[PDB]
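Participant: Below: one structure in structure tokens.
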Amino acid sequence: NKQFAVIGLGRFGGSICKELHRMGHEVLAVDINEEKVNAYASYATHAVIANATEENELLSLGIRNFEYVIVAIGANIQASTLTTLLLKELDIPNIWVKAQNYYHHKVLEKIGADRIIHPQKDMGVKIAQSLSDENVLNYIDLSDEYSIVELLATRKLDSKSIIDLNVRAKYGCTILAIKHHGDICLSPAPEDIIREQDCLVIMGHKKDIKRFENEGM
Amino acid sequence: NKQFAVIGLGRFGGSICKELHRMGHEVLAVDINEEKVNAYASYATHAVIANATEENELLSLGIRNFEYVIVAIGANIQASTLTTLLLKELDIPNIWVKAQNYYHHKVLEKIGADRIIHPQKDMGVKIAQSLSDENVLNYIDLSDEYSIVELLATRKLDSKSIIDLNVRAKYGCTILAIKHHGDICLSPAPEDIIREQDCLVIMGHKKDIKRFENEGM
Amino acid sequence: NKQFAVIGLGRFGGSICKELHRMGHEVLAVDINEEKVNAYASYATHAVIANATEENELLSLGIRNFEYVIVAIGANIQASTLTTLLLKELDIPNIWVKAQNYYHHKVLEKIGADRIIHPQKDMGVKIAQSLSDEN
Amino acid sequence: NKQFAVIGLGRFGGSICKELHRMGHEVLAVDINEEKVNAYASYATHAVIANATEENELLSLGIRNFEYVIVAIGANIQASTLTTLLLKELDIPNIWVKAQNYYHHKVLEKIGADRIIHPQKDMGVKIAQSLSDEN
Amino acid sequence: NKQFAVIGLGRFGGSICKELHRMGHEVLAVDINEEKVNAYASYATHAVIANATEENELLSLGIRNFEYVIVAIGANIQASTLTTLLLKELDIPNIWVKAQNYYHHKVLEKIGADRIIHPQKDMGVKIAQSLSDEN
Amino acid sequence: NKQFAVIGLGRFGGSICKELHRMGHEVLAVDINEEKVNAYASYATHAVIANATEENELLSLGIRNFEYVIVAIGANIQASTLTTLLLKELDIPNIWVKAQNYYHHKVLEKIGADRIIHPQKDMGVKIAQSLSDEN
Amino acid sequence: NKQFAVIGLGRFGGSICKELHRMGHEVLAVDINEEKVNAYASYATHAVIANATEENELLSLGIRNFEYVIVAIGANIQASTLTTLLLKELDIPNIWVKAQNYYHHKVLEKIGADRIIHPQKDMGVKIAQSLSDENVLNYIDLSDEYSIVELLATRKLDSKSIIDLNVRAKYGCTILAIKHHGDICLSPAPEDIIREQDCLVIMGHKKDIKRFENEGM
Amino acid sequence: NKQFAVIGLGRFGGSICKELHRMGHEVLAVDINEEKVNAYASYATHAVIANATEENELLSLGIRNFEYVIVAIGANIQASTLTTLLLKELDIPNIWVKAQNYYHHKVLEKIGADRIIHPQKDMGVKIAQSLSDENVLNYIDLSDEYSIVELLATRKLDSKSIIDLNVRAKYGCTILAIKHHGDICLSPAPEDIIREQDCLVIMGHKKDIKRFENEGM
Ligand SMILES: Nc1ncnc2c1ncn2[C@@H]1O[C@H](COP(=O)(O)OP(=O)(O)OP(=O)(O)O)[C@@H](O)[C@H]1O
Ligand SMILES: Nc1ncnc2c1ncn2[C@@H]1O[C@H](COP(=O)(O)OP(=O)(O)OP(=O)(O)O)[C@@H](O)[C@H]1O
Ligand SMILES: Nc1ncnc2c1ncn2[C@@H]1O[C@H](COP(=O)(O)OP(=O)(O)OP(=O)(O)O)[C@@H](O)[C@H]1O
Ligand SMILES: Nc1ncnc2c1ncn2[C@@H]1O[C@H](COP(=O)(O)OP(=O)(O)OP(=O)(O)O)[C@@H](O)[C@H]1O
Ligand SMILES: Nc1ncnc2c1ncn2[C@@H]1O[C@H](COP(=O)(O)OP(=O)(O)OP(=O)(O)O)[C@@H](O)[C@H]1O
Ligand SMILES: Nc1ncnc2c1ncn2[C@@H]1O[C@H](COP(=O)(O)OP(=O)(O)OP(=O)(O)O)[C@@H](O)[C@H]1O
Ligand SMILES: Nc1ncnc2c1ncn2[C@@H]1O[C@H](COP(=O)(O)OP(=O)(O)OP(=O)(O)O)[C@@H](O)[C@H]1O
Ligand SMILES: Nc1ncnc2c1ncn2[C@@H]1O[C@H](COP(=O)(O)OP(=O)(O)OP(=O)(O)O)[C@@H](O)[C@H]1O
């Protein structure tokens, strides 16, 4: 199918490998720690003990073969950098590397990493958003002003109809989906009911959605 | 407004504090490392050097007053645990704690943490998804089967109309938004054009969207 | 007869193991320190070197079989806690744990220890009783 | 009534002092750690900050007057030994000392401790008894 | 004449600065260690305390003006790399960097160092030559 | 031909050993770090793991036989000094030692090193010469 | 002859063992460090690796047999104390122990050490004496006021006769010995010559000897 | 008077400083350990916290002024050596240094130490001598063969006269002093009595004195 190499079986890397394997892709799980290799042996096609900074070992893995190589080492800067460098000289098409700090990001950038990821930082932003605002479950920003938001229904919204909550006119926003007890209703008709604790998917302007949150729920 | 305490100014915690401060909330940034306190001094209301495991220091902070306290210590299990326990005994309403592994999650759960977060793991799942599928830019899962997906337009979609790409009947999915050169089109009419490299927002069943990705783009 | 597991062969744990062995019960003496295992080899049925916080080692001991498991680690809070949690998830009937301080007691309590003991403290109470009353 | 000196306000020593105080005996609570003195101030007749290994401080306490002196220092062997020694040379009638291990027990024995206690070991025996017999 | 910037006043860098100064070139001696700046104050045109990894400080030095910049930091790999990088993005014509090991050489190479020097290795070759031939 | 001993397989020492071996001289490569010995195994006649400060090991190497011994340890002053002293007492004809700073140079001088080298410093002089004069 | 056990082959203990062996006495050199046993193997009757704090090893040495046992462990207080204790319970006649500090001295005293020695302290006193007074080579105090002193002859005393330096009347002191180029003259007659740099042995009152040092040499 | 610097307030150095101070000399007590400085504050003219290996601190002490500087650091070879070298370059007249082993002695020698002392070794020799021979209390060697010895009187010597014990003819040795109950008799006449447990001071050849010990006492 497509070949993936996950170097460094941390929480982040390990999650990558496990999830990728669940999708049924060819995933090579590489780690210097034997116990890590033993741990993710069930969740990969091939799990190998290797020092990714050692070139001959990298050739012994046959890493040149892979379309995507992921350096999920984000604590040991030298290891990460060196590995990424090795992969670059070996003409790997896509090199995605986990970064620790802004400067590690810089060195990864300059030695030609294709994509650099900061997991804890970004998730930090997200959880912070959820922190200042206990309401929102999830969201995606379409632009600086417009956004699609996933909301947890409160005791203002139980047994209320879509026509009752006229968001399309009163607030200029549109409801896209309702999730009730795992069951899912896409682009629901105005007769449909929202029960409390259900997932509600609204779409519109940020300030408008906030308005609806305030007076509506 | 509402009072927030961020204990542990790492990447995750630090991001929390910085972002929260950008929203204009009262954020107390607490850390045992002096340099961390000095670093986030600009991005908080009050930045204090404190050992969060030391109770008298915790009273010196006056943490009982705060609605939300965040333990963003995820490397030092003992520190995190001890701190969370301290906060619980001090009757803090909402305690959100960063966890490292499944068992640290367990002990946090058992000592009554209100919300436990695994940043690297979750972000790992996400980036893994982006890894197996170079196309998807972003997404949100409405349920186990249904999802809203943001897609990067290829040359197969250039100069194509919404009515030309009949997703609502042929694939059972619905287009929600088109982002062209930063400009944004919400719930676009069938006459609208999609140019390549633009952001496309489709909504529907996972496999159906996959199907559309396959034959359409 | 009845199966007992004593994890942590200190003075306290070691005393438990030695005494129980004197009563003729099946006692598994577990310790990470090799010299401890060697020391109480005579005073147990089976004495094993194991890291009780490592799950696979805990399965290698076959601890699920035991009716009573005693965590006599009272200096290393993290070890004690982690181990107790491991035993709880492994559905051990009776988990008795040695505690150091009030908060270690709290975390043991919350992760569902069946009995928590403070040996030195209680002994303080006892010796005080003996002091007030020489009889 | 009878005068007791408790040197070292740990869990064990602290328990001794607190309990003896509940039974209404004259108990002098001595500790080098100020916060310990502050903690047991409510549970003693006189609570003093003192380095029990320093002789002049021991004379400043007026320890020669006391019938019973209890050395509840069981982590710091040197401190325990030295203190016990000071008390012995000062002709104290009854010196009861908390011991850590068999050899600290030995040195306490040889410098003439009147009663040596091993809290964790003995309590180990007890809790083991409680284990074999849930009643 | 020609402008030289020597970042890192070690033995190697310091020698560069001192000697260049003896030949009468405009040499800016930069160091984070104040005492190093004080030491080579006599042997430079301008000696400045600066963190060469901090960009705003690098602009405060006005390093863009210089034809040659020498990174004589060879113990602190991160500092060396970061500084060299800063200089590269600032379009410096000639960047000569002291390297520690083969891989630091590699990263310097990839971030586009113009000349990389290994003092101990090369000098090793030389002294070896002097050994085989005493003349 | 002529026998050379290179103690300390760094970049500098390693360079000496490698180059000398390329010239086809009998070179004994000695290092306390096993991986170093393994690294320069191809570039020497005999590569041995040895603690050069330990005299009996130095006799086990049979270092008295060698005309030239090179101490290429320039980070660990104590090791360098102690080794040089050992070699001097063992009546080695030519002892060339890598030095770190002026005082290490002084102590090497006083314990009678035959030649003291400062590689990085001198290299500083050289690169400065090359900078002033691009030709 | 007489049997000696030297436990702990340090500089002090090692010197004891070596010197004792030079006198031709039966010396058992005991140490836990193998290399120490190997080092003093030539300078003892029997050199054994043993943990002197372990009782069964002490019986394996047969230490009960020895008239004198010397604990020359002065860094490791616990080891020293414990060993001394072991020897005491085993009814060793003479136990001489090296001490580190005043309190280690105390515990050794109370567990019944027969002789306690402080080498560095005493030698410290001596070298200090030599420090304030560059003249005196050696001495022995007969009492608070009276002493026998060994002096290094200066350029005041060369080619001077004993009758010339009338110490017995002018200073009340008496010359006992003259050491010239290793050759030795005991209780010398008044005709004898003292050459410079020779050893001179005077006897008398301290202040008087000082007087002679001042005006005489 | 004369100025002394004692660097390193150990047992040896500390004893030096204390004793020197008792003699009423100007003694500068230098140590890197603050508590050591605090301890010997009473027993010196000036007690200073200083790193003796740091040159600028050594100039801050003004050590160039002192006639005698003593390096009593004998555990930390590097510190001792570096310090001694510093003092030498600073043209100090007399540098006396405590040594640990033969090679530390060698390096001190080569960097031009004026006097090198081995306290534990020498005291070891002495105590060893007292060990093989329970009789000798003290002694001084005049040469390889001749010596002055202080002896503890046994019951064989009780109530015996100097003329009764004819050492001057029978053994070729001469009695110099008798110490009875603290009272002291210098160069005693032949009528004088020696009572047991008294101090006896004999002078002569080593083996001759040994002979007298054997048959006499
Ligand atoms: N040079 C190397 N070669 C191969 N594997 C390595 C190398 N260096 C580190 N690893 C492995 O990569 C993994 C990276 O995790 P690390 O300990 O760096 O923390 P992290 O990746 O930031 O945390 P996590 O990924 O668990 O959130 C480690 O488990 C480690 O065993
Ligand atoms: N006992 C403690 N009391 C107060 N602060 C602490 C304590 N222990 C750690 N911290 C601080 O909390 C922060 C937590 O970051 P840590 O070094 O644990 O990595 P992390 O938080 O897992 O990673 P990230 O930087 O992504 O958050 C650190 O900056 C540390 O200084
Ligand atoms: N993680 C662990 N796994 C296995 N054994 C352990 C672990 N931690 C400690 N132990 C062992 O448990 C024993 C407990 O003794 P410890 O040193 O904790 O003193 P204590 O238990 O507080 O007091 P006592 O010695 O009277 O029991 C020790 O001998 C130690 O070797
Ligand atoms: N030399 C000393 N002089 C006076 N007090 C001391 C001295 N050394 C220790 N202490 C005090 O005596 C107390 C003895 O407790 P320690 O820390 O020795 O543990 P412990 O007593 O064995 O534990 P527990 O709390 O179970 O009794 C301590 O609180 C300490 O402050
Ligand atoms: N980030 C930095 N910014 C500015 N100056 C630095 C930085 N890092 C190190 N320096 C300075 O540069 C100098 C480089 O010397 P360093 O300590 O790295 O040893 P070196 O240069 O390899 O040794 P040598 O003296 O042989 O050159 C040091 O004096 C240090 O103070
Ligand atoms: N006491 C010792 N005995 C034997 N080998 C040693 C000893 N000390 C250091 N070495 C070895 O000598 C080599 C010297 O390299 P070091 O790490 O000292 O850098 P350097 O010599 O200053 O610079 P370079 O690496 O360029 O020679 C090291 O590889 C080290 O393993
Ligand atoms: N428990 C023990 N059993 C046997 N030998 C021991 C024991 N502990 C220490 N030793 C040995 O006794 C010797 C005592 O020397 P230590 O290291 O204590 O310094 P020291 O005796 O004060 O110094 P020195 O005697 O060299 O002047 C050491 O060489 C050590 O190997
Ligand atoms: N670099 C240094 N600069 C200044 N003082 C030092 C330095 N290193 C050690 N000292 C001090 O010198 C003293 C030397 O004693 P050390 O601990 O070396 O044992 P020692 O002198 O061999 O034993 P003793 O107590 O018998 O003299 C110590 O008290 C220490 O604090």
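Quick reminder, even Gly has a Cβ in these numbers, built from the backbone with ideal geometry, and neighbours come from all protein chains shown. Just so it is clear, none of the values below were taken in a lab; they were calculated from the coordinates.
Participant: Please build a GNM for chain C, connecting alpha carbons under 10 Å apart, and tell me which residue among C:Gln120, C:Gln100, C:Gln78 fluctuates the most.
Facilitator: Judging by the Gaussian network model, the answer is C:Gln120.
Participant: Going by alpha carbons, how many degrees (0 to 90, nearest 10) lie between the helix axis of G:119-132 and the longest principal axis of chain G?
Facilitator: Tilt relative to chain G: about 20 degrees.
Participant: OK, next. Which angle from 0 to 90°, rounded to the nearest 10, does the C-alpha axis of helix A:77-89 make with the longest principal axis of chain A?
Facilitator: 80
Participant: Based on the mean of other beta carbon atoms within 10 Å per residue, what is the order of A:10-20, A:161-171, B:107-117, most packed first? Display every interim value, and only then the final one.
Facilitator: On the way: A:10-20: 25.4, A:161-171: 14.5, B:107-117: 19.0.
Result, highest mean Cβ count within 10 Å first: A:10-20, B:107-117, A:161-171.
Participant: Can you compute the modelled spin-label distance between B:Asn94 and D:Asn38, with each label point 7 Å from Cα toward Cβ, in nm?
Facilitator: Inter-label distance under the simple model: 3.5 nm.
Participant: Taking the Cα atoms only, what angle lies between the long axis of helix A:11-22 and the longest principal axis of chain A, rounded to 10 degrees?
Facilitator: Taking Cα atoms only, the helix is inclined about 80 degrees.
Participant: Let me ask something additional. What is the set of long-range amide H partners of G:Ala47 at a cut-off below 5 Å, with H atoms built 1.01 Å from backbone N?
Facilitator: G:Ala29
Participant: In terms of the Cα gyration tensor, with a ≥ b ≥ c the square roots of its eigenvalues, is segment C:14-135 rounded because a/c is under 1.5, prolate because a/b exceeds b/c, or oblate?
Facilitator: On the way: a/c = 2.03, a/b = 1.33, b/c = 1.52.
Because a/c hits 1.5 or more and a/b fails to exceed b/c, segment C:14-135 counts as oblate.
Participant: Further question on the same structure: In whole angstrom, and with the biggest value first, how far do the Cα coordinates of segment H:3-118 range along each principal axis?
Facilitator: For segment H:3-118, the Cα spread along each principal axis is 35, 26, 24 Å.
Participant: Of A:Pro188, A:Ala47, A:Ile92, which is farthest on the positive side of the dipole of chain A, counting Cα position, with +1 on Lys and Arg Cβ, -1 on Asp and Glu Cβ, and the Cα centre as origin?
Facilitator: Selected residue: A:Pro188.
Participant: Per-residue Cβ counts within 10 Å, from other chains only, averaged over G:105-118: what number is that?
Facilitator: Working: counts 0, 6, 7, 0, 2, 9, 6, 1, 0, 0, 3, 0, 5, 5.
Across G:105-118, the average partner-chain Cβ count within 10 Å equals 3.
Participant: Given bins 5 angstrom wide, list per bin the percent of all Cα-Cα distances in segment D:1-43, short to long.
Facilitator: 6, 27, 40, 19, 7, 1
Participant: Over chain C, what is the relative contact order in whole percent, taking alpha-carbon pairs under 8 Å and six or more residues apart?
Facilitator: Details: 231 pairs, mean separation 26.4, N = 135.
Across chain C, relative contact order equals 20 percent.
Participant: Can you give me the distance in nm between label points at C:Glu89 and G:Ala39, each placed 7 Å from the Cα along the Cα-to-Cβ direction?
Facilitator: 5.1
Participant: List the relative contact order of chain G as a percent without decimals, with contacts defined as Cα pairs under 8 Å and 6+ residues apart.
Facilitator: It comes to 13 percent, rounded to a whole number.
Participant: A follow-up question, please. Rounded if a/c is under 1.5, else prolate if a/b beats b/c, else oblate: with a ≥ b ≥ c from the C-alpha gyration tensor eigenvalues square-rooted, which is chain G? Intermediate results must be reported in sequence, preceding the final value.
Facilitator: Details: a/c = 3.16, a/b = 2.38, b/c = 1.33.
Prolate, since a/c reaches 1.5 and a/b exceeds b/c.
Participant: In segment H:74-102, whose amide N lies under 11 Å from the spot 7 Å out along Cα-to-Cβ of G:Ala75? List them in ranges.
Facilitator: Output list for this probe position: H:75-76.
Participant: Loop-only trypsin sites (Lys or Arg not before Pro) in segment B:128-166, please: DSSP not H, G, I, E or B, and at most 13 other Cβ atoms within 10 Å. It would help to have the intermediate numbers written out before the result.
Facilitator: Details: sites: B:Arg155, B:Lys156, B:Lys160; in loops: B:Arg155, B:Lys156.
Sites meeting the loop and neighbour criteria: B:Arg155, B:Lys156.
Participant: Just want the ordering: F:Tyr102, C:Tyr103, from fewest to most Cβ atoms lying within 10 Å of their own Cβ.
Facilitator: Ranking F:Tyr102, C:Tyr103 by Cβ neighbours within 10 Å, fewest first, gives F:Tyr102, C:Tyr103.
Participant: Tell me which of H:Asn38, H:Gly24, H:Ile116 sits at the most positive position along the dipole axis of segment H:3-118, charges placed on C-beta atoms (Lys, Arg +1; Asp, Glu -1).
Facilitator: H:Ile116
Participant: With a ≥ b ≥ c taken as the square roots of the eigenvalues of the C-alpha gyration tensor of segment B:1-48, please select rounded if a/c is under 1.5 and otherwise prolate if a/b is larger than b/c or oblate if it is not? Don't jump to the answer; show the numbers that get you there.
Facilitator: On the way: a/c = 1.76, a/b = 1.59, b/c = 1.10.
Since a/c reaches 1.5 and a/b is larger than b/c, the shape of segment B:1-48 is classed as prolate.
Participant: Hey, got the average number of other protein chain Cβ atoms within 10 angstrom for residues in D:112-122? Walk me through the intermediate numbers first.
Facilitator: Details: counts 1, 0, 0, 2, 0, 6, 5, 11, 12, 9, 7.
Mean number of neighbouring Cβ atoms from other chains: 5.
Participant: Let me know the mean shielding of G:131-143 by other chains, meaning the per-residue number of their Cβ atoms within 10 Å of its Cβ. Please report the intermediate quantities before stating the final value.
Facilitator: Working: counts 15, 13, 3, 5, 0, 0, 1, 3, 1, 9, 1, 10, 7.
Counting other chains' Cβ atoms within 10 Å and averaging over G:131-143 gives 5.
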